>>> print(open('coords.pdb').read())   # PDB, C-alpha atoms (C1' of nucleotides) and all ligand atoms
MODEL        1
ATOM      1  CA  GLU A   1       1.104 -12.162 -39.438
ATOM      2  CA  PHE A   2       1.508 -14.987 -36.910
ATOM      3  CA  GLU A   3       3.727 -13.203 -34.393
ATOM      4  CA  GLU A   4       5.900 -15.331 -32.101
ATOM      5  CA  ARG A   5       7.451 -14.714 -28.681
ATOM      6  CA  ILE A   6       9.823 -16.853 -26.638
ATOM      7  CA  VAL A   7       8.330 -17.688 -23.253
ATOM      8  CA  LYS A   8      11.324 -19.568 -21.803
ATOM      9  CA  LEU A   9      14.832 -20.641 -22.855
ATOM     10  CA  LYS A  10      16.089 -23.400 -20.562
ATOM     11  CA  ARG A  11      19.477 -25.163 -20.811
ATOM     12  CA  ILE A  12      19.005 -28.927 -20.627
ATOM     13  CA  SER A  13      21.880 -31.405 -20.626
ATOM     14  CA  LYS A  14      22.528 -35.144 -20.532
ATOM     15  CA  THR A  15      25.663 -36.941 -19.339
ATOM     16  CA  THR A  16      27.776 -39.246 -21.520
ATOM     17  CA  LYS A  17      31.022 -41.158 -20.996
ATOM     18  CA  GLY A  18      32.951 -37.968 -20.270
ATOM     19  CA  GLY A  19      31.485 -34.488 -20.641
ATOM     20  CA  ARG A  20      27.967 -33.101 -20.852
ATOM     21  CA  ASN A  21      25.854 -32.892 -24.010
ATOM     22  CA  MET A  22      24.173 -29.477 -23.737
ATOM     23  CA  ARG A  23      21.119 -28.552 -25.816
ATOM     24  CA  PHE A  24      18.946 -25.436 -25.725
ATOM     25  CA  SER A  25      15.171 -25.754 -25.365
ATOM     26  CA  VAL A  26      12.794 -22.978 -26.434
ATOM     27  CA  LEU A  27       9.096 -22.445 -25.685
ATOM     28  CA  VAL A  28       7.573 -20.291 -28.460
ATOM     29  CA  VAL A  29       3.965 -19.060 -28.580
ATOM     30  CA  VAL A  30       2.593 -18.273 -32.052
ATOM     31  CA  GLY A  31      -0.608 -16.301 -32.494
ATOM     32  CA  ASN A  32      -2.361 -14.347 -35.240
ATOM     33  CA  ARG A  33      -4.142 -12.095 -32.695
ATOM     34  CA  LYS A  34      -7.445 -13.143 -34.282
ATOM     35  CA  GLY A  35      -8.323 -16.506 -32.712
ATOM     36  CA  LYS A  36      -5.523 -18.906 -33.658
ATOM     37  CA  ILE A  37      -2.733 -19.717 -31.199
ATOM     38  CA  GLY A  38      -0.335 -22.601 -30.648
ATOM     39  CA  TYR A  39       2.700 -23.542 -28.581
ATOM     40  CA  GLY A  40       5.842 -25.439 -29.521
ATOM     41  CA  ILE A  41       8.768 -26.752 -27.462
ATOM     42  CA  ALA A  42      11.899 -27.959 -29.264
ATOM     43  CA  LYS A  43      15.471 -28.940 -28.418
ATOM     44  CA  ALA A  44      18.612 -28.479 -30.507
ATOM     45  CA  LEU A  45      22.355 -27.969 -30.160
ATOM     46  CA  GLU A  46      21.959 -24.279 -31.071
ATOM     47  CA  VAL A  47      19.324 -21.623 -30.427
ATOM     48  CA  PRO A  48      18.513 -20.871 -34.119
ATOM     49  CA  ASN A  49      17.743 -24.486 -35.042
ATOM     50  CA  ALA A  50      15.807 -24.951 -31.791
ATOM     51  CA  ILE A  51      13.691 -21.872 -32.537
ATOM     52  CA  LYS A  52      12.958 -23.055 -36.087
ATOM     53  CA  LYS A  53      11.838 -26.506 -34.929
ATOM     54  CA  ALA A  54       9.766 -25.059 -32.079
ATOM     55  CA  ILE A  55       7.969 -22.655 -34.422
ATOM     56  CA  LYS A  56       7.372 -25.504 -36.879
ATOM     57  CA  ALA A  57       5.834 -27.646 -34.126
ATOM     58  CA  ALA A  58       3.772 -24.711 -32.838
ATOM     59  CA  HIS A  59       2.407 -23.978 -36.322
ATOM     60  CA  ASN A  60       1.592 -27.668 -36.804
ATOM     61  CA  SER A  61      -0.707 -27.599 -33.748
ATOM     62  CA  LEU A  62      -2.962 -24.527 -33.966
ATOM     63  CA  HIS A  63      -6.195 -24.451 -31.963
ATOM     64  CA  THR A  64      -9.228 -22.269 -32.645
ATOM     65  CA  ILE A  65     -10.216 -19.558 -30.163
ATOM     66  CA  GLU A  66     -13.505 -17.672 -29.874
ATOM     67  CA  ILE A  67     -13.701 -14.214 -28.313
ATOM     68  CA  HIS A  68     -16.764 -12.538 -26.806
ATOM     69  CA  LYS A  69     -16.610  -8.721 -26.638
ATOM     70  CA  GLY A  70     -12.810  -8.980 -26.492
ATOM     71  CA  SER A  71     -12.782 -10.983 -23.241
ATOM     72  CA  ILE A  72     -13.401 -14.478 -21.904
ATOM     73  CA  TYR A  73     -17.062 -15.341 -21.525
ATOM     74  CA  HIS A  74     -17.185 -17.241 -18.222
ATOM     75  CA  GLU A  75     -14.752 -17.746 -15.365
ATOM     76  CA  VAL A  76     -12.799 -20.990 -15.726
ATOM     77  CA  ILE A  77      -9.998 -22.848 -13.946
ATOM     78  CA  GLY A  78      -7.512 -24.652 -16.167
ATOM     79  CA  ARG A  79      -5.803 -27.634 -14.570
ATOM     80  CA  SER A  80      -2.596 -29.277 -15.776
ATOM     81  CA  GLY A  81      -0.583 -31.276 -13.267
ATOM     82  CA  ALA A  82      -0.058 -29.117 -10.180
ATOM     83  CA  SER A  83      -0.634 -25.822 -12.037
ATOM     84  CA  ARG A  84      -4.064 -24.192 -11.766
ATOM     85  CA  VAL A  85      -4.731 -20.939 -13.627
ATOM     86  CA  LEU A  86      -7.881 -18.917 -12.932
ATOM     87  CA  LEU A  87      -9.382 -16.853 -15.757
ATOM     88  CA  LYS A  88     -12.191 -14.383 -15.083
ATOM     89  CA  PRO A  89     -14.260 -12.149 -17.388
ATOM     90  CA  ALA A  90     -13.287  -8.494 -17.369
ATOM     91  CA  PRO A  91     -15.008  -5.254 -18.385
ATOM     92  CA  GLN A  92     -13.714  -3.484 -21.477
ATOM     93  CA  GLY A  93     -10.879  -1.248 -20.292
ATOM     94  CA  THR A  94      -8.972  -3.085 -17.568
ATOM     95  CA  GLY A  95      -6.555  -4.484 -20.153
ATOM     96  CA  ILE A  96      -4.708  -7.769 -19.807
ATOM     97  CA  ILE A  97      -4.010  -7.970 -16.054
ATOM     98  CA  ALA A  98      -2.088 -11.193 -16.672
ATOM     99  CA  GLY A  99       1.627 -11.732 -16.167
ATOM    100  CA  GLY A 100       4.294 -14.070 -17.526
ATOM    101  CA  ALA A 101       3.526 -17.118 -19.657
ATOM    102  CA  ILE A 102      -0.239 -16.667 -19.259
ATOM    103  CA  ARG A 103       0.032 -13.023 -20.343
ATOM    104  CA  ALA A 104       1.889 -14.062 -23.505
ATOM    105  CA  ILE A 105      -0.784 -16.645 -24.375
ATOM    106  CA  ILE A 106      -3.682 -14.228 -23.827
ATOM    107  CA  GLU A 107      -2.111 -11.457 -25.923
ATOM    108  CA  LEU A 108      -1.216 -13.876 -28.730
ATOM    109  CA  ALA A 109      -4.760 -15.296 -28.763
ATOM    110  CA  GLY A 110      -6.514 -11.951 -29.266
ATOM    111  CA  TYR A 111      -8.290 -11.544 -25.929
ATOM    112  CA  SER A 112      -8.093  -8.091 -24.389
ATOM    113  CA  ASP A 113      -9.608  -7.624 -20.923
ATOM    114  CA  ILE A 114      -8.805 -10.724 -18.814
ATOM    115  CA  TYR A 115      -8.421 -11.348 -15.064
ATOM    116  CA  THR A 116      -5.886 -14.062 -14.211
ATOM    117  CA  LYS A 117      -4.130 -15.476 -11.167
ATOM    118  CA  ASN A 118      -1.678 -18.394 -11.100
ATOM    119  CA  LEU A 119      -2.838 -20.493  -8.135
ATOM    120  CA  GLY A 120      -0.264 -23.257  -8.603
ATOM    121  CA  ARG A 121       3.245 -23.798  -9.917
ATOM    122  CA  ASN A 122       5.435 -21.377 -11.866
ATOM    123  CA  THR A 123       6.649 -23.784 -14.547
ATOM    124  CA  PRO A 124       5.970 -22.138 -17.930
ATOM    125  CA  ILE A 125       4.935 -25.310 -19.772
ATOM    126  CA  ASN A 126       2.306 -26.322 -17.198
ATOM    127  CA  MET A 127       0.932 -22.780 -16.856
ATOM    128  CA  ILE A 128       0.545 -22.612 -20.642
ATOM    129  CA  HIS A 129      -0.983 -26.095 -20.555
ATOM    130  CA  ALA A 130      -3.435 -24.942 -17.883
ATOM    131  CA  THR A 131      -4.213 -21.708 -19.734
ATOM    132  CA  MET A 132      -4.914 -23.543 -22.988
ATOM    133  CA  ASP A 133      -6.953 -26.189 -21.147
ATOM    134  CA  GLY A 134      -9.051 -23.501 -19.466
ATOM    135  CA  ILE A 135      -9.678 -21.684 -22.738
ATOM    136  CA  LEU A 136     -10.508 -24.909 -24.607
ATOM    137  CA  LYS A 137     -13.126 -26.121 -22.101
ATOM    138  CA  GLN A 138     -15.054 -22.861 -22.571
ATOM    139  CA  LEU A 139     -18.722 -23.132 -23.558
ATOM    140  CA  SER A 140     -20.223 -20.674 -26.016
ATOM    141  CA  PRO A 141     -23.740 -19.346 -25.298
ATOM    142  CA  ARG A 142     -24.921 -20.826 -28.600
ATOM    143  CA  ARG A 143     -23.773 -24.446 -28.172
ATOM    144  CA  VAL A 144     -25.752 -24.731 -24.924
ATOM    145  CA  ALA A 145     -28.778 -23.367 -26.797
ATOM    146  CA  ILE A 146     -28.621 -26.185 -29.350
ATOM    147  CA  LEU A 147     -28.090 -28.537 -26.409
ATOM    148  CA  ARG A 148     -30.634 -27.189 -23.905
ATOM    149  CA  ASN A 149     -33.172 -26.181 -26.601
ATOM    150  CA  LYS A 150     -33.304 -22.564 -25.425
ATOM    151  CA  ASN A 151     -33.621 -19.508 -27.691
ATOM    152  CA  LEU A 152     -30.118 -18.603 -28.939
ATOM    153  CA  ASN A 153     -29.101 -17.464 -25.412
ATOM    154  CA  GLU A 154     -32.370 -15.526 -24.955
ATOM    155  CA  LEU A 155     -33.306 -15.456 -21.244
TER     156      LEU A 155
ATOM    157  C1'   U B   1     -22.514  -1.894 -10.068
ATOM    158  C1'   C B   2     -17.479  -5.329  -7.537
ATOM    159  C1'   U B   3     -13.435  -7.712  -9.114
ATOM    160  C1'   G B   4      -6.949 -10.879  -8.305
ATOM    161  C1'   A B   5       0.380  -9.940 -12.480
ATOM    162  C1'   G B   6       5.026 -12.466 -10.770
ATOM    163  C1'   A B   7      10.349 -13.887 -10.256
ATOM    164  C1'   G B   8      15.035 -16.017  -8.026
ATOM    165  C1'   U B   9      16.614 -20.342  -5.265
ATOM    166  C1'   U B  10      17.704 -27.913  -3.810
ATOM    167  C1'   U B  11      19.499 -31.122  -9.318
ATOM    168  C1'   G B  12      24.565 -33.318 -14.282
ATOM    169  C1'   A B  13      19.506 -31.949 -16.357
ATOM    170  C1'   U B  14      13.492 -32.685 -15.332
ATOM    171  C1'   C B  15       8.704 -32.832 -12.590
ATOM    172  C1'   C B  16       6.396 -32.180  -7.661
ATOM    173  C1'   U B  17       6.155 -31.203  -2.229
ATOM    174  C1'   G B  18       8.270 -27.344   0.476
ATOM    175  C1'   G B  19      10.843 -23.229   3.183
ATOM    176  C1'   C B  20      13.726 -18.552   2.377
ATOM    177  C1'   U B  21      14.313 -13.864  -0.453
ATOM    178  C1'   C B  22      12.711  -9.955  -3.811
ATOM    179  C1'   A B  23       9.372  -6.440  -7.152
ATOM    180  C1'   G B  24       4.204  -2.712  -4.076
ATOM    181  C1'   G B  25       2.248   0.224  -0.294
ATOM    182  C1'   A B  26       2.462   2.372   4.841
ATOM    183  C1'   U B  27       4.400   5.037   9.811
ATOM    184  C1'   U B  28       3.844   9.802  15.759
ATOM    185  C1'   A B  29       9.468   7.168  12.542
ATOM    186  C1'   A B  30      15.160   7.340  13.542
ATOM    187  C1'   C B  31      20.328   7.359  11.092
ATOM    188  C1'   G B  32      24.032   8.773   6.873
ATOM    189  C1'   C B  33      24.737  12.285   2.648
ATOM    190  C1'   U B  34      22.810  16.739   0.845
ATOM    191  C1'   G B  35      19.733  20.868   1.089
ATOM    192  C1'   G B  36      16.048  26.917  -1.793
ATOM    193  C1'   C B  37      11.083  28.405  -0.985
ATOM    194  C1'   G B  38       5.640  28.243  -0.332
ATOM    195  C1'   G B  39       0.126  25.771   0.840
ATOM    196  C1'   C B  40      -1.804  21.939   4.296
ATOM    197  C1'   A B  41      -1.056  18.373   8.501
ATOM    198  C1'   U B  42       1.864  16.005  12.199
ATOM    199  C1'   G B  43       5.673  16.377  16.197
ATOM    200  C1'   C B  44       8.397  12.291  24.222
ATOM    201  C1'   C B  45       6.065   5.735  21.023
ATOM    202  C1'   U B  46      10.922   5.901  26.620
ATOM    203  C1'   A B  47      11.021   7.408  32.922
ATOM    204  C1'   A B  48       2.096   7.418  35.253
ATOM    205  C1'   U B  49      10.728   9.608  36.078
ATOM    206  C1'   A B  50      11.927  14.086  39.492
ATOM    207  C1'   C B  51      11.121  19.016  38.808
ATOM    208  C1'   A B  52      13.860  25.400  39.160
ATOM    209  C1'   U B  53      11.152  29.677  37.461
ATOM    210  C1'   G B  54       6.880  32.404  35.286
ATOM    211  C1'   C B  55       1.417  31.960  33.752
ATOM    212  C1'   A B  56      -3.335  27.967  33.333
ATOM    213  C1'   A B  57     -11.067  30.343  37.258
ATOM    214  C1'   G B  58     -12.850  33.746  38.475
ATOM    215  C1'   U B  59     -17.056  37.385  38.797
ATOM    216  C1'   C B  60     -20.964  40.730  40.888
ATOM    217  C1'   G B  61     -20.845  47.803  44.858
ATOM    218  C1'   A B  62     -27.707  47.068  40.666
ATOM    219  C1'   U B  63     -26.752  41.888  47.893
ATOM    220  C1'   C B  64     -24.043  44.241  52.679
ATOM    221  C1'   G B  65     -21.255  47.045  56.619
ATOM    222  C1'   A B  66     -16.788  49.422  56.627
ATOM    223  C1'   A B  67     -12.463  51.526  54.774
ATOM    224  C1'   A B  68      -9.519  54.412  51.340
ATOM    225  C1'   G B  69      -8.773  58.269  47.398
ATOM    226  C1'   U B  70     -10.347  62.603  44.610
ATOM    227  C1'   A B  71     -13.670  67.272  44.491
ATOM    228  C1'   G B  72     -16.874  69.997  47.688
ATOM    229  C1'   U B  73     -17.912  75.496  53.320
ATOM    230  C1'   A B  74     -21.186  71.738  54.532
ATOM    231  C1'   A B  75     -24.975  68.469  53.041
ATOM    232  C1'   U B  76     -22.781  65.227  49.651
TER     233        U B  76
HETATM  234 MG    MG A 201      34.395 -44.812 -18.739
HETATM  235 MG    MG A 202      22.629 -26.548  -9.003
HETATM  236 MG    MG A 203       9.314  -4.757  -1.605
ENDMDL
END
>>> encode(input="coords.pdb", output="structure tokens")
Amino acid sequence: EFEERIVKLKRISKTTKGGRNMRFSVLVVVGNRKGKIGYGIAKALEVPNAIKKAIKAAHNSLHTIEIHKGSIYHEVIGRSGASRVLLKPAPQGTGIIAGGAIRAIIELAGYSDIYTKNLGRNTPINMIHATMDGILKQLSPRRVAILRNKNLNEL
RNA sequence: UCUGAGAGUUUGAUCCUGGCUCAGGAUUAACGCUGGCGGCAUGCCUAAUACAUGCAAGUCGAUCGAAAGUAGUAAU
């Protein structure tokens, strides 16, 4: 049940020797709402073929996501170009306080409570890039234990 | 135990810098349309401009002389 939601449908065009070749570009986010989420951008002469190719690309590149108590473990800033997205842990109940492309990514990943603010640009591809970068740099409290030789997070 | 939502807009199309505008609240508010009632609260932001008229700090005869009024033949 990998649900998918369009996050942007732009109208790109090149110029030839007379006229304008117009192709639709779609940005689809696919997520199983259990820890797997990917993004795919595709271009085609028509929306249906563009959507099919974008979903195919998105399903080809699926990253693995870990959730802690339904939220994000530690506050993180994802950077991608000039877009910086701040994610902050939230108590169980606030809901997803995100909006736009980031909100779509968080819902499709599985996370519930999440504090976000877009501190940079409003271009959907870079915000999604920043969101995925922020979520992928996250450190579990068990990897640092193997690293720092602590006691499975114990004080 | 706190705790943050974005979008539109330069270009044939894209990214960035960057300004403008909008989605939310708020007031000692005014205007247009309309208009039934009740519980709370507010009500010259301007000319510290000029003001009719009527009210807004008096009280004690158990401090004191006198006066006045009513009863009383008078004293009282
Ligand atoms: Mg020619
Ligand atoms: Mg234009
Ligand atoms: Mg507004």
>>> closest_atom_pairs(input="coords.pdb", of="chain A", to="chain B", cutoff="12 Å", atoms="all atoms listed in the file", output="CSV")
residue,atom,partner,partner_atom,distance
A:10,CA,B:13,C1',10.1
A:11,CA,B:13,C1',8.1
A:12,CA,B:13,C1',5.3
A:13,CA,B:13,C1',4.9
A:14,CA,B:13,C1',6.1
A:15,CA,B:12,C1',6.3
A:16,CA,B:12,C1',9.9
A:18,CA,B:12,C1',11.3
A:19,CA,B:12,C1',9.5
A:20,CA,B:12,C1',7.4
A:21,CA,B:12,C1',9.8
A:22,CA,B:13,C1',9.1
A:23,CA,B:13,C1',10.2
A:24,CA,B:13,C1',11.4
A:25,CA,B:13,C1',11.8
A:75,CA,B:3,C1',11.9
A:81,CA,B:16,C1',9.0
A:82,CA,B:16,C1',7.6
A:83,CA,B:16,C1',10.4
A:85,CA,B:4,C1',11.6
A:86,CA,B:4,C1',9.3
A:87,CA,B:4,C1',9.9
A:88,CA,B:3,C1',9.0
A:89,CA,B:3,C1',9.4
A:90,CA,B:3,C1',8.3
A:91,CA,B:3,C1',9.7
A:94,CA,B:3,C1',10.6
A:95,CA,B:5,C1',11.7
A:96,CA,B:5,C1',9.2
A:97,CA,B:5,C1',6.0
A:98,CA,B:5,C1',5.0
A:99,CA,B:5,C1',4.3
A:100,CA,B:6,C1',7.0
A:101,CA,B:6,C1',10.1
A:102,CA,B:5,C1',9.6
A:103,CA,B:5,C1',8.5
A:104,CA,B:5,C1',11.9
A:114,CA,B:4,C1',10.7
A:115,CA,B:4,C1',6.9
A:116,CA,B:4,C1',6.8
A:117,CA,B:4,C1',6.1
A:118,CA,B:5,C1',8.8
A:119,CA,B:4,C1',10.5
A:120,CA,B:16,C1',11.2
A:121,CA,B:16,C1',9.2
A:122,CA,B:6,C1',9.0
A:123,CA,B:15,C1',9.5
A:125,CA,B:15,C1',11.1
A:126,CA,B:15,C1',10.2
>>> resolve_selection(input="coords.pdb", expression="the PyMOL selection byres (((chain A and resi 5) around 9) and not hetatm)", output="ChimeraX atom specification")
/A:3-4,6-7,27-30,104,108
>>> atom_distance(input="coords.pdb", atom1="atom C1' of residue 18 of chain B", atom2="atom CA of residue 79 of chain A")
20.6 Å
>>> atom_distance(input="coords.pdb", atom1="atom CA of residue 67 of chain A", atom2="atom CA of residue 140 of chain A")
9.5 Å
>>> resolve_selection(input="coords.pdb", expression="the PyMOL selection byres (((chain A and resi 51-62) around 9) and not hetatm)", output="list in words")
residues 4, 6, 25, 26, 27, 28, 29, 30, 31, 36, 37, 38, 39, 40, 41, 42, 43, 44, 46, 47, 48, 49, 50, 63 and 64 of chain A
>>> atom_distance(input="coords.pdb", atom1="atom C1' of residue 22 of chain B", atom2="atom CA of residue 8 of chain A")
20.4 Å
>>> resolve_selection(input="coords.pdb", expression="the PyMOL selection byres (((not hetatm)) within 10 of (chain A and resi 203))", output="JSON, numbers by chain")
{"B": [22, 23, 24, 25]}
>>> closest_residue(input="coords.pdb", among="B:60, B:21, B:66, B:11", to="ligand MG 202 (chain A)", atoms="only C-alpha atoms (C1' of nucleotides) and all ligand atoms")
B:11
>>> residues_near_point(input="coords.pdb", point="(5.7, 12.1, 9.8)", cutoff="9 Å", atoms="only C-alpha atoms (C1' of nucleotides)", output="count of residues only")
5
>>> residues_around(input="coords.pdb", residues="residue 142 of chain A", least_positions_apart="5", cutoff="12 Å", atoms="only C-alpha atoms (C1' of nucleotides)", output="compact mmCIF listing (two decimals) with C-alpha atoms, in the coordinates of the input")
# COMPACT_ATOMS: atom_id res chain seq x y z
CA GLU A 66 -13.50 -17.67 -29.87
CA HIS A 68 -16.76 -12.54 -26.81
CA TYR A 73 -17.06 -15.34 -21.52
CA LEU A 147 -28.09 -28.54 -26.41
CA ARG A 148 -30.63 -27.19 -23.90
CA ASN A 149 -33.17 -26.18 -26.60
CA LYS A 150 -33.30 -22.56 -25.42
CA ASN A 151 -33.62 -19.51 -27.69
CA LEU A 152 -30.12 -18.60 -28.94
CA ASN A 153 -29.10 -17.46 -25.41
CA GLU A 154 -32.37 -15.53 -24.96
>>> axis_aligned_box(input="coords.pdb", around="segment 83-91 of chain A", padding_each_side="6 Å", output="lines of an AutoDock Vina configuration file")
center_x = -7.8
center_y = -15.5
center_z = -15.1
size_x = 26.4
size_y = 32.6
size_z = 18.6
>>> closest_residue(input="coords.pdb", among="B:9, B:1, B:35, B:61", to="ligand MG 202 (chain A)", atoms="all atoms listed in the file")
B:9
>>> closest_residue(input="coords.pdb", among="A:132, A:106, A:141, A:17", to="ligand MG 201 (chain A)", atoms="all atoms listed in the file")
A:17
